[PDB]
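Asks: File name protein21.pdb; file contents PDB, C-alpha atoms (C1' of nucleotides) and all ligand atoms; full text below.
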MODEL        1
ATOM      1  CA  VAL A   1      90.171 109.990 151.344
ATOM      2  CA  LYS A   2      90.674 108.337 147.883
ATOM      3  CA  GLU A   3      88.698 105.325 146.406
ATOM      4  CA  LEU A   4      85.410 107.044 145.359
ATOM      5  CA  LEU A   5      86.941 110.442 144.687
ATOM      6  CA  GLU A   6      88.765 108.760 141.765
ATOM      7  CA  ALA A   7      85.608 107.529 139.986
ATOM      8  CA  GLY A   8      84.191 110.999 140.853
ATOM      9  CA  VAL A   9      84.917 112.393 137.344
ATOM     10  CA  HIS A  10      88.530 111.255 136.730
ATOM     11  CA  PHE A  11      88.481 107.593 135.695
ATOM     12  CA  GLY A  12      88.439 106.872 131.931
ATOM     13  CA  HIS A  13      89.758 109.187 129.142
ATOM     14  CA  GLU A  14      90.291 109.295 125.228
ATOM     15  CA  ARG A  15      89.341 106.942 122.309
ATOM     16  CA  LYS A  16      91.477 105.444 119.443
ATOM     17  CA  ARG A  17      94.152 108.111 119.932
ATOM     18  CA  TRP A  18      95.612 105.254 121.947
ATOM     19  CA  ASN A  19      98.883 103.552 122.739
ATOM     20  CA  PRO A  20      98.540  99.803 122.792
ATOM     21  CA  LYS A  21     101.343  99.700 125.471
ATOM     22  CA  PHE A  22      98.687 101.046 127.818
ATOM     23  CA  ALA A  23      96.527  97.991 127.229
ATOM     24  CA  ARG A  24      96.979  96.580 130.715
ATOM     25  CA  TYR A  25      95.593  99.583 132.587
ATOM     26  CA  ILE A  26      92.153  99.594 130.834
ATOM     27  CA  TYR A  27      88.881  98.289 132.178
ATOM     28  CA  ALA A  28      87.026  98.498 128.853
ATOM     29  CA  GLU A  29      86.010 100.271 125.667
ATOM     30  CA  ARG A  30      82.326 100.735 126.410
ATOM     31  CA  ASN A  31      80.289 103.397 124.578
ATOM     32  CA  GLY A  32      83.211 103.938 122.176
ATOM     33  CA  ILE A  33      85.337 105.635 124.906
ATOM     34  CA  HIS A  34      88.254 104.162 126.911
ATOM     35  CA  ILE A  35      87.470 103.614 130.643
ATOM     36  CA  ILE A  36      90.548 102.965 132.744
ATOM     37  CA  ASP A  37      90.742 100.396 135.561
ATOM     38  CA  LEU A  38      90.659 102.113 138.919
ATOM     39  CA  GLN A  39      91.787  99.172 141.072
ATOM     40  CA  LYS A  40      95.084  99.430 139.094
ATOM     41  CA  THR A  41      95.391 103.181 139.596
ATOM     42  CA  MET A  42      95.411 102.535 143.320
ATOM     43  CA  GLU A  43      97.925  99.694 143.029
ATOM     44  CA  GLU A  44     100.206 101.983 141.012
ATOM     45  CA  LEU A  45      99.483 104.936 143.328
ATOM     46  CA  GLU A  46     100.886 103.416 146.536
ATOM     47  CA  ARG A  47     104.051 102.370 144.704
ATOM     48  CA  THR A  48     104.263 105.920 143.481
ATOM     49  CA  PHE A  49     103.541 107.726 146.729
ATOM     50  CA  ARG A  50     105.984 105.433 148.496
ATOM     51  CA  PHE A  51     108.676 106.642 146.090
ATOM     52  CA  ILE A  52     107.453 110.165 146.798
ATOM     53  CA  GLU A  53     107.376 109.963 150.628
ATOM     54  CA  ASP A  54     110.878 108.470 150.793
ATOM     55  CA  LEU A  55     112.450 110.982 148.386
ATOM     56  CA  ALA A  56     110.766 113.726 150.403
ATOM     57  CA  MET A  57     111.657 112.526 153.913
ATOM     58  CA  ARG A  58     115.249 112.067 152.764
ATOM     59  CA  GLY A  59     114.718 115.768 151.880
ATOM     60  CA  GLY A  60     114.919 115.579 148.066
ATOM     61  CA  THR A  61     113.749 117.745 145.124
ATOM     62  CA  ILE A  62     110.859 116.861 142.774
ATOM     63  CA  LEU A  63     110.718 119.077 139.680
ATOM     64  CA  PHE A  64     107.132 119.604 138.504
ATOM     65  CA  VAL A  65     106.219 120.042 134.850
ATOM     66  CA  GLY A  66     102.795 120.877 133.434
ATOM     67  CA  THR A  67     102.629 123.178 130.415
ATOM     68  CA  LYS A  68      99.205 122.115 129.079
ATOM     69  CA  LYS A  69      95.919 124.003 129.032
ATOM     70  CA  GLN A  70      94.333 122.607 132.214
ATOM     71  CA  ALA A  71      97.578 122.038 134.186
ATOM     72  CA  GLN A  72      99.312 125.413 133.574
ATOM     73  CA  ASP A  73      98.089 127.071 136.817
ATOM     74  CA  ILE A  74      97.318 124.256 139.259
ATOM     75  CA  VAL A  75     101.042 123.474 138.796
ATOM     76  CA  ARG A  76     102.552 126.812 139.916
ATOM     77  CA  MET A  77     100.287 126.575 143.005
ATOM     78  CA  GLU A  78     100.896 123.010 144.201
ATOM     79  CA  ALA A  79     104.545 123.420 143.257
ATOM     80  CA  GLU A  80     104.852 126.217 145.852
ATOM     81  CA  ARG A  81     102.235 124.825 148.240
ATOM     82  CA  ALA A  82     105.262 122.443 148.405
ATOM     83  CA  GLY A  83     108.210 124.886 147.965
ATOM     84  CA  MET A  84     109.243 122.660 145.019
ATOM     85  CA  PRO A  85     110.405 123.896 141.596
ATOM     86  CA  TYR A  86     108.178 123.721 138.458
ATOM     87  CA  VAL A  87     108.210 124.523 134.667
ATOM     88  CA  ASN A  88     104.972 126.095 133.513
ATOM     89  CA  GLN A  89     104.895 127.915 130.159
ATOM     90  CA  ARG A  90     107.656 126.396 127.993
ATOM     91  CA  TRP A  91     109.941 123.376 128.532
ATOM     92  CA  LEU A  92     113.309 124.611 127.091
ATOM     93  CA  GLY A  93     115.902 122.612 125.169
ATOM     94  CA  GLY A  94     118.197 121.270 127.845
ATOM     95  CA  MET A  95     116.671 122.461 131.124
ATOM     96  CA  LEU A  96     118.165 119.239 132.531
ATOM     97  CA  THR A  97     120.863 118.487 129.945
ATOM     98  CA  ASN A  98     122.197 121.952 129.282
ATOM     99  CA  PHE A  99     121.387 122.884 132.873
ATOM    100  CA  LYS A 100     124.697 124.598 133.606
ATOM    101  CA  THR A 101     123.937 126.918 130.642
ATOM    102  CA  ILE A 102     120.212 127.306 130.974
ATOM    103  CA  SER A 103     121.259 128.255 134.515
ATOM    104  CA  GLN A 104     123.159 131.423 133.595
ATOM    105  CA  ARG A 105     119.711 132.732 132.792
ATOM    106  CA  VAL A 106     118.597 132.493 136.403
ATOM    107  CA  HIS A 107     122.168 133.692 137.238
ATOM    108  CA  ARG A 108     121.498 136.882 135.243
ATOM    109  CA  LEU A 109     117.764 137.280 135.951
ATOM    110  CA  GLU A 110     118.411 138.060 139.581
ATOM    111  CA  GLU A 111     121.284 140.308 138.514
ATOM    112  CA  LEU A 112     118.293 142.429 137.437
ATOM    113  CA  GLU A 113     116.549 141.918 140.722
ATOM    114  CA  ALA A 114     119.739 143.769 141.727
ATOM    115  CA  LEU A 115     118.716 146.712 139.519
ATOM    116  CA  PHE A 116     114.952 146.841 140.319
ATOM    117  CA  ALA A 117     116.270 147.414 143.840
ATOM    118  CA  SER A 118     119.193 149.828 143.219
ATOM    119  CA  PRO A 119     120.445 153.423 143.008
ATOM    120  CA  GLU A 120     119.216 152.386 139.539
ATOM    121  CA  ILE A 121     115.546 152.127 140.660
ATOM    122  CA  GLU A 122     114.781 155.200 138.461
ATOM    123  CA  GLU A 123     117.890 155.825 136.231
ATOM    124  CA  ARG A 124     120.123 154.458 133.348
ATOM    125  CA  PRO A 125     119.833 155.742 129.682
ATOM    126  CA  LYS A 126     116.032 155.448 129.918
ATOM    127  CA  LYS A 127     115.445 153.142 126.853
ATOM    128  CA  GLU A 128     117.102 150.401 128.946
ATOM    129  CA  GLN A 129     114.355 150.853 131.555
ATOM    130  CA  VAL A 130     112.292 148.804 129.086
ATOM    131  CA  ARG A 131     114.890 146.831 127.005
ATOM    132  CA  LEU A 132     116.181 145.468 130.318
ATOM    133  CA  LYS A 133     113.017 145.876 132.375
ATOM    134  CA  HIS A 134     111.188 144.046 129.531
ATOM    135  CA  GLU A 135     113.957 141.412 129.185
ATOM    136  CA  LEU A 136     113.058 140.553 132.788
ATOM    137  CA  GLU A 137     109.609 139.607 131.419
ATOM    138  CA  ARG A 138     110.803 136.592 129.385
ATOM    139  CA  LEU A 139     113.002 135.710 132.390
ATOM    140  CA  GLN A 140     110.046 136.202 134.707
ATOM    141  CA  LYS A 141     107.479 134.381 132.629
ATOM    142  CA  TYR A 142     109.522 131.155 132.210
ATOM    143  CA  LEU A 143     112.083 130.729 134.991
ATOM    144  CA  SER A 144     109.458 131.073 137.804
ATOM    145  CA  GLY A 145     109.886 127.595 139.327
ATOM    146  CA  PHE A 146     113.145 126.872 137.603
ATOM    147  CA  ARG A 147     114.874 129.688 139.570
ATOM    148  CA  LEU A 148     114.734 127.813 142.910
ATOM    149  CA  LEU A 149     116.231 124.611 141.360
ATOM    150  CA  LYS A 150     120.024 124.900 142.053
ATOM    151  CA  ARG A 151     121.314 121.382 141.296
ATOM    152  CA  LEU A 152     119.668 118.785 139.090
ATOM    153  CA  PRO A 153     116.418 117.489 140.528
ATOM    154  CA  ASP A 154     115.955 114.158 142.300
ATOM    155  CA  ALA A 155     112.766 113.201 140.459
ATOM    156  CA  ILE A 156     110.493 114.829 137.956
ATOM    157  CA  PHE A 157     106.725 114.781 137.968
ATOM    158  CA  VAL A 158     104.943 115.161 134.636
ATOM    159  CA  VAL A 159     101.254 115.799 134.031
ATOM    160  CA  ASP A 160     100.848 114.611 130.380
ATOM    161  CA  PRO A 161     103.971 112.665 129.413
ATOM    162  CA  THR A 162     103.350 112.469 125.631
ATOM    163  CA  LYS A 163     102.529 116.106 125.736
ATOM    164  CA  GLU A 164     105.796 116.655 127.595
ATOM    165  CA  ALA A 165     108.105 113.919 126.243
ATOM    166  CA  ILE A 166     111.105 116.230 125.514
ATOM    167  CA  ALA A 167     111.415 116.501 129.247
ATOM    168  CA  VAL A 168     111.138 112.777 129.954
ATOM    169  CA  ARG A 169     113.704 112.180 127.176
ATOM    170  CA  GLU A 170     116.315 114.198 129.168
ATOM    171  CA  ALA A 171     115.288 112.810 132.544
ATOM    172  CA  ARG A 172     116.194 109.309 131.413
ATOM    173  CA  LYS A 173     119.319 110.645 129.688
ATOM    174  CA  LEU A 174     120.518 111.485 133.224
ATOM    175  CA  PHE A 175     118.875 108.610 135.137
ATOM    176  CA  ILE A 176     116.570 111.075 136.860
ATOM    177  CA  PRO A 177     113.423 109.108 137.760
ATOM    178  CA  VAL A 178     110.207 110.154 136.058
ATOM    179  CA  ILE A 179     106.906 110.212 137.867
ATOM    180  CA  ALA A 180     104.021 110.995 135.571
ATOM    181  CA  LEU A 181     100.289 111.058 135.506
ATOM    182  CA  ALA A 182      99.664 109.088 132.324
ATOM    183  CA  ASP A 183      96.726 108.076 130.211
ATOM    184  CA  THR A 184      96.011 106.142 127.001
ATOM    185  CA  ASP A 185      97.678 109.003 125.012
ATOM    186  CA  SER A 186     100.908 107.704 126.440
ATOM    187  CA  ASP A 187     103.642 105.054 126.621
ATOM    188  CA  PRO A 188     104.023 103.644 130.139
ATOM    189  CA  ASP A 189     107.335 101.850 129.598
ATOM    190  CA  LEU A 190     109.316 105.125 129.974
ATOM    191  CA  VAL A 191     107.420 106.509 132.904
ATOM    192  CA  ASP A 192     109.444 105.297 135.887
ATOM    193  CA  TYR A 193     106.518 105.673 138.347
ATOM    194  CA  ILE A 194     103.036 105.705 136.875
ATOM    195  CA  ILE A 195      99.748 107.348 137.911
ATOM    196  CA  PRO A 196      97.462 105.820 135.278
ATOM    197  CA  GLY A 197      94.610 108.278 135.091
ATOM    198  CA  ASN A 198      93.031 111.140 133.162
ATOM    199  CA  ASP A 199      95.669 113.524 131.714
ATOM    200  CA  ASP A 200      92.980 116.077 130.840
ATOM    201  CA  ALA A 201      90.124 116.531 133.371
ATOM    202  CA  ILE A 202      91.019 119.484 135.644
ATOM    203  CA  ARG A 203      89.154 117.724 138.459
ATOM    204  CA  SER A 204      91.543 114.795 137.955
ATOM    205  CA  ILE A 205      94.753 116.804 137.504
ATOM    206  CA  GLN A 206      93.799 118.548 140.763
ATOM    207  CA  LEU A 207      92.586 115.600 142.851
ATOM    208  CA  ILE A 208      95.865 113.756 142.183
ATOM    209  CA  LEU A 209      98.570 116.367 141.813
ATOM    210  CA  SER A 210      97.515 118.045 145.073
ATOM    211  CA  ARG A 211      97.282 114.833 147.157
ATOM    212  CA  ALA A 212     100.855 114.127 146.086
ATOM    213  CA  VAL A 213     101.684 117.476 147.723
ATOM    214  CA  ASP A 214     100.081 116.363 150.984
ATOM    215  CA  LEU A 215     102.829 113.691 151.222
ATOM    216  CA  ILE A 216     105.571 116.120 150.137
ATOM    217  CA  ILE A 217     104.969 118.223 153.297
ATOM    218  CA  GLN A 218     103.273 115.512 155.469
ATOM    219  CA  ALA A 219     106.786 114.024 155.347
ATOM    220  CA  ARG A 220     107.847 117.020 157.413
ATOM    221  CA  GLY A 221     104.657 118.052 159.344
ATOM    222  CA  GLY A 222     102.394 121.123 159.113
ATOM    223  CA  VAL A 223      99.872 119.864 156.535
ATOM    224  CA  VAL A 224      97.617 122.636 155.178
ATOM    225  CA  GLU A 225      93.959 123.058 154.056
ATOM    226  CA  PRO A 226      92.272 121.806 150.868
ATOM    227  CA  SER A 227      94.725 124.433 149.430
ATOM    228  CA  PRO A 228      94.488 127.238 146.787
ATOM    229  CA  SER A 229      93.515 125.234 143.686
ATOM    230  CA  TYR A 230      90.061 125.617 142.061
ATOM    231  CA  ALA A 231      91.166 128.244 139.532
ATOM    232  CA  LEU A 232      87.682 128.712 138.062
ATOM    233  CA  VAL A 233      86.760 125.047 138.702
ATOM    234  CA  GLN A 234      83.560 125.257 136.553
TER
ATOM    235  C1'   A B   1     194.014 161.208 117.148
ATOM    236  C1'   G B   2     190.696 163.211 113.843
ATOM    237  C1'   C B   3     189.698 164.504 109.214
ATOM    238  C1'   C B   4     190.839 164.870 104.658
ATOM    239  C1'   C B   5     194.038 162.841  99.461
ATOM    240  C1'   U B   6     195.782 158.680  96.106
ATOM    241  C1'   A B   7     196.976 152.487  96.065
ATOM    242  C1'   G B   8     194.539 148.534  97.818
ATOM    243  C1'   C B   9     190.505 145.419 100.602
ATOM    244  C1'   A B  10     185.850 144.104 103.095
ATOM    245  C1'   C B  11     181.743 146.488 101.088
ATOM    246  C1'   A B  12     178.204 149.923  99.036
ATOM    247  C1'   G B  13     174.784 151.147  94.880
ATOM    248  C1'   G B  14     170.891 149.169  91.138
ATOM    249  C1'   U B  15     162.973 152.610  89.853
ATOM    250  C1'   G B  16     167.447 145.593  87.149
ATOM    251  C1'   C B  17     163.363 140.312  87.246
ATOM    252  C1'   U B  18     159.603 137.869  90.447
ATOM    253  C1'   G B  19     152.561 141.193  93.409
ATOM    254  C1'   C B  20     152.185 133.580  91.463
ATOM    255  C1'   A B  21     157.658 133.747  97.197
ATOM    256  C1'   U B  22     155.814 138.251 100.795
ATOM    257  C1'   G B  23     154.468 142.719 104.744
ATOM    258  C1'   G B  24     151.900 146.868 104.700
ATOM    259  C1'   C B  25     148.244 149.593 102.256
ATOM    260  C1'   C B  26     144.051 149.955  98.573
ATOM    261  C1'   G B  27     139.900 148.433  95.122
ATOM    262  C1'   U B  28     135.744 144.702  94.453
ATOM    263  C1'   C B  29     130.997 141.706  95.529
ATOM    264  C1'   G B  30     128.932 145.666  99.230
ATOM    265  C1'   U B  31     127.170 149.400 103.874
ATOM    266  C1'   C B  32     124.640 143.883 100.846
ATOM    267  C1'   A B  33     122.138 141.262 106.405
ATOM    268  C1'   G B  34     124.832 138.522 106.505
ATOM    269  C1'   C B  35     129.226 135.125 108.391
ATOM    270  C1'   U B  36     130.179 132.140 112.941
ATOM    271  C1'   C B  37     131.188 130.065 118.082
ATOM    272  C1'   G B  38     130.035 127.724 123.094
ATOM    273  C1'   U B  39     127.470 124.228 125.193
ATOM    274  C1'   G B  40     122.981 120.993 124.602
ATOM    275  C1'   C B  41     119.974 118.068 121.115
ATOM    276  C1'   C B  42     119.397 114.937 115.932
ATOM    277  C1'   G B  43     122.497 112.088 112.497
ATOM    278  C1'   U B  44     126.990 105.753 111.369
ATOM    279  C1'   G B  45     128.986 110.331 108.870
ATOM    280  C1'   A B  46     129.798 114.870 105.759
ATOM    281  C1'   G B  47     126.546 117.684 108.691
ATOM    282  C1'   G B  48     121.955 119.517 110.869
ATOM    283  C1'   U B  49     119.437 122.337 114.672
ATOM    284  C1'   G B  50     120.417 127.335 116.635
ATOM    285  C1'   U B  51     120.289 131.200 111.739
ATOM    286  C1'   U B  52     113.875 127.693 109.414
ATOM    287  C1'   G B  53     108.588 129.435 110.271
ATOM    288  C1'   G B  54     104.268 133.451 111.061
ATOM    289  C1'   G B  55     104.024 138.998 111.748
ATOM    290  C1'   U B  56     107.743 143.460 111.200
ATOM    291  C1'   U B  57     111.845 146.455 109.899
ATOM    292  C1'   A B  58     116.339 150.156 106.157
ATOM    293  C1'   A B  59     118.676 145.432 108.511
ATOM    294  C1'   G B  60     120.003 137.816 111.584
ATOM    295  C1'   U B  61     115.544 145.119 113.605
ATOM    296  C1'   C B  62     112.417 143.703 116.787
ATOM    297  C1'   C B  63     108.060 140.363 118.185
ATOM    298  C1'   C B  64     105.087 135.661 118.786
ATOM    299  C1'   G B  65     106.296 130.547 118.062
ATOM    300  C1'   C B  66     109.952 126.403 118.325
ATOM    301  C1'   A B  67     115.323 121.013 121.085
ATOM    302  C1'   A B  68     117.443 124.592 122.071
ATOM    303  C1'   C B  69     119.782 128.393 125.523
ATOM    304  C1'   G B  70     123.129 131.961 124.881
ATOM    305  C1'   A B  71     127.365 134.525 122.911
ATOM    306  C1'   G B  72     131.216 136.709 119.006
ATOM    307  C1'   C B  73     132.452 139.396 114.134
ATOM    308  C1'   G B  74     128.093 142.510 111.462
ATOM    309  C1'   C B  75     123.381 146.041 111.636
ATOM    310  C1'   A B  76     121.909 149.790 115.073
ATOM    311  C1'   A B  77     124.240 153.059 119.183
ATOM    312  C1'   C B  78     128.901 155.555 121.183
ATOM    313  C1'   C B  79     132.291 160.445 117.199
ATOM    314  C1'   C B  80     131.951 164.813 113.193
ATOM    315  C1'   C B  81     128.644 168.617 110.312
ATOM    316  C1'   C B  82     123.640 170.558 109.592
ATOM    317  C1'   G B  83     118.860 172.095 111.472
ATOM    318  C1'   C B  84     115.549 174.620 117.251
TER
HETATM  319 MG    MG C 301     120.466 110.393 107.135
ENDMDL
END
Would you write the structure of this file as structure tokens?
Ligand SMILES: [Mg+2]

Replies:
Amino acid sequence: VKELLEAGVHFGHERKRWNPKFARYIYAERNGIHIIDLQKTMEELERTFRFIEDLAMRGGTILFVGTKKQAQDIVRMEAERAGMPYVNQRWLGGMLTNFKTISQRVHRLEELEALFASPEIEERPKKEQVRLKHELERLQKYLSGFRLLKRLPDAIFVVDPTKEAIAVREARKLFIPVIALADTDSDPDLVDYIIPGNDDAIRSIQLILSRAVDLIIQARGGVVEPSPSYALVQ
RNA sequence: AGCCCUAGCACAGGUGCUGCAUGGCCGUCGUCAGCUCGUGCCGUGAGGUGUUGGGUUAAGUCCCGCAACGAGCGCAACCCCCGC
């Protein structure tokens, strides 16, 4: 049930913080704001959800990335409402390109899982029961959705692409397709598959990013409810 | 045969020169918080990033932040004495 839910509160965004490359996907500057053409969101959306459905039904791996204010949490939900990996707090230098190395973090994080459950559940020179047990905080806080990713992803899905362009950079560096929700902030030409929208409105980020996660499972049956995502939607 | 004695021979011996041919060992900047590597990233390149920044420490000690993520030689800790 799309169409009207788009123009709900999720159509147009920014003003004169713009990229002229995005000139095609705009209805008009009326009122001094940019209002983005909805008809062309839909057009782009099918082409995007097609890519999604196919990658999914061939049993792929989409890596989700949203590290901005209003994405932050809706991402770690819909990522796992889909059993898919995500990056949530901090995109690190070479998650995709130094992968093998950034991976010996995960390697060694769950070597500590193997000391939270151990004959060392209450022992070891007790100023390591923070030093280590607090090292597992950094490892926790960051590698939450990166831990499940075990070989480079098949796509990546970005929420604000100019916000997160150090990711996109590396995607392309490895020919990994890039799906992004983009708005006038941003440069389409290096989004591989484009959801031209509002990068900011939490209503928007939710409406879209969730409905993409219908597909991701409804290409495998057992579709769920309206799903845990209205963090404090107000 | 050994071992000894004189006549030879091959050799020994030299605190004789060269620390600007060396080894080892010491002193010095200085117990100063530094000096680097792996891979990634930036740069035509020498190189850079990392190791800069903000707070903090005796300290590159820790912390928050960040195209970096880690590691090695250091610092601290593992040894000795002194305190209960
Ligand atoms: Mg130059």

Asks: Just need the residues of chain B within 7 Å of chain A, counting all atoms listed in the file, so spit them out as a ChimeraX atom specification.

Replies: /B:40,67-69

Asks: Which chains and residue numbers are within 10 Å of ligand MG 301 (chain C), counting all atoms listed in the file, if I want them as a ChimeraX atom specification?

Replies: /B:42-45,47-48

Asks: If we count all atoms listed in the file and set the cut-off at 12 Å, which residues sit around residue 51 of chain B, ignoring sequence neighbours fewer than 6 positions away in its own chain? Please answer as a PDB file with C-alpha atoms (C1' of nucleotides), keeping the file's coordinate frame.

Replies:
ATOM      1  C1'   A B  33     122.138 141.262 106.405  1.00  0.00           C
ATOM      2  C1'   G B  34     124.832 138.522 106.505  1.00  0.00           C
ATOM      3  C1'   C B  35     129.226 135.125 108.391  1.00  0.00           C
ATOM      4  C1'   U B  36     130.179 132.140 112.941  1.00  0.00           C
ATOM      5  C1'   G B  60     120.003 137.816 111.584  1.00  0.00           C
TER       6        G B  60
END

Asks: Selected by the PyMOL selection byres (((chain A and resi 11) around 10) and not hetatm) in the shown coordinates: which residues, as a count of residues only?

Replies: 21

Asks: May I ask for the distance between atom CA of residue 132 of chain A and atom CA of residue 112 of chain A, given in Å to one decimal place?

Replies: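 So the answer is 8.0 Å.
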
Asks: Could you expand the PyMOL selection byres (((chain A and resi 70) around 9) and not hetatm) into the explicit residues it covers here, written as a PyMOL selection string?

Replies: chain A and resi 66-69+71-74+200-202+205

Asks: Would you mind exporting the chosen residues as a PDB file, in the frame of the given file, restricted to C-alpha atoms?

Replies:
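Written file, out.pdb:
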ATOM      1  CA  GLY A  66     102.795 120.877 133.434  1.00  0.00           C
ATOM      2  CA  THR A  67     102.629 123.178 130.415  1.00  0.00           C
ATOM      3  CA  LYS A  68      99.205 122.115 129.079  1.00  0.00           C
ATOM      4  CA  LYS A  69      95.919 124.003 129.032  1.00  0.00           C
ATOM      5  CA  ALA A  71      97.578 122.038 134.186  1.00  0.00           C
ATOM      6  CA  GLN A  72      99.312 125.413 133.574  1.00  0.00           C
ATOM      7  CA  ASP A  73      98.089 127.071 136.817  1.00  0.00           C
ATOM      8  CA  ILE A  74      97.318 124.256 139.259  1.00  0.00           C
ATOM      9  CA  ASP A 200      92.980 116.077 130.840  1.00  0.00           C
ATOM     10  CA  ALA A 201      90.124 116.531 133.371  1.00  0.00           C
ATOM     11  CA  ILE A 202      91.019 119.484 135.644  1.00  0.00           C
ATOM     12  CA  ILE A 205      94.753 116.804 137.504  1.00  0.00           C
TER      13      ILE A 205
END

Asks: Would you mind listing what lies within 12 Å of residue 58 of chain B as a PDB file with C-alpha atoms (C1' of nucleotides), in the frame of the given file, with all atoms listed in the file counted and same-chain residues fewer than 5 positions away left out?

Replies:
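Result file selection_31.pdb:
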ATOM      1  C1'   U B  31     127.170 149.400 103.874  1.00  0.00           C
ATOM      2  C1'   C B  32     124.640 143.883 100.846  1.00  0.00           C
ATOM      3  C1'   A B  33     122.138 141.262 106.405  1.00  0.00           C
ATOM      4  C1'   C B  75     123.381 146.041 111.636  1.00  0.00           C
ATOM      5  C1'   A B  76     121.909 149.790 115.073  1.00  0.00           C
TER       6        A B  76
END

Asks: What gap, in Å, lies between atom CA of residue 89 of chain A and atom CA of residue 144 of chain A?

Replies: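 Separation of atom CA of residue 89 of chain A and atom CA of residue 144 of chain A: 9.4 Å.
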
Asks: Which distance in Å separates atom CA of residue 169 of chain A and atom CA of residue 153 of chain A, to one decimal?

Replies: 14.6 Å

Asks: Starting from the shown file, work through the PyMOL selection byres (((chain A and resi 56) around 10) and not hetatm) and note down what comes out as a CSV table (one decimal) with C-alpha atoms, in the coordinates of the input.

Replies:
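Final output, saved to selection05.csv:
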chain,number,residue,atom,x,y,z
A,50,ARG,CA,106.0,105.4,148.5
A,51,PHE,CA,108.7,106.6,146.1
A,52,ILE,CA,107.5,110.2,146.8
A,53,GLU,CA,107.4,110.0,150.6
A,54,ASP,CA,110.9,108.5,150.8
A,55,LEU,CA,112.4,111.0,148.4
A,57,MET,CA,111.7,112.5,153.9
A,58,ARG,CA,115.2,112.1,152.8
A,59,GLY,CA,114.7,115.8,151.9
A,60,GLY,CA,114.9,115.6,148.1
A,61,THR,CA,113.7,117.7,145.1
A,62,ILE,CA,110.9,116.9,142.8
A,154,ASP,CA,116.0,114.2,142.3
A,215,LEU,CA,102.8,113.7,151.2
A,216,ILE,CA,105.6,116.1,150.1
A,217,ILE,CA,105.0,118.2,153.3
A,218,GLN,CA,103.3,115.5,155.5
A,219,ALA,CA,106.8,114.0,155.3
A,220,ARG,CA,107.8,117.0,157.4

Asks: Just need the box for segment 4-9 of chain B, edges along x, y and z, holding every atom the file lists for it with 6 Å tacked onto each side, so centre and edge lengths in Å to one decimal, as JSON.

Replies:
{"center_x": 193.7, "center_y": 155.1, "center_z": 100.4, "size_x": 18.5, "size_y": 31.5, "size_z": 20.6}

Asks: Got a sec: who's within 10 Å of residue 81 of chain A, counting only C-alpha atoms (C1' of nucleotides), leaving out chain neighbours fewer than 5 positions off, as a list in words?

Replies: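 Everything that qualifies: residues 75, 76, 210, 213, 214, 216, 217, 223, 224, 227, 228 and 229 of chain A.
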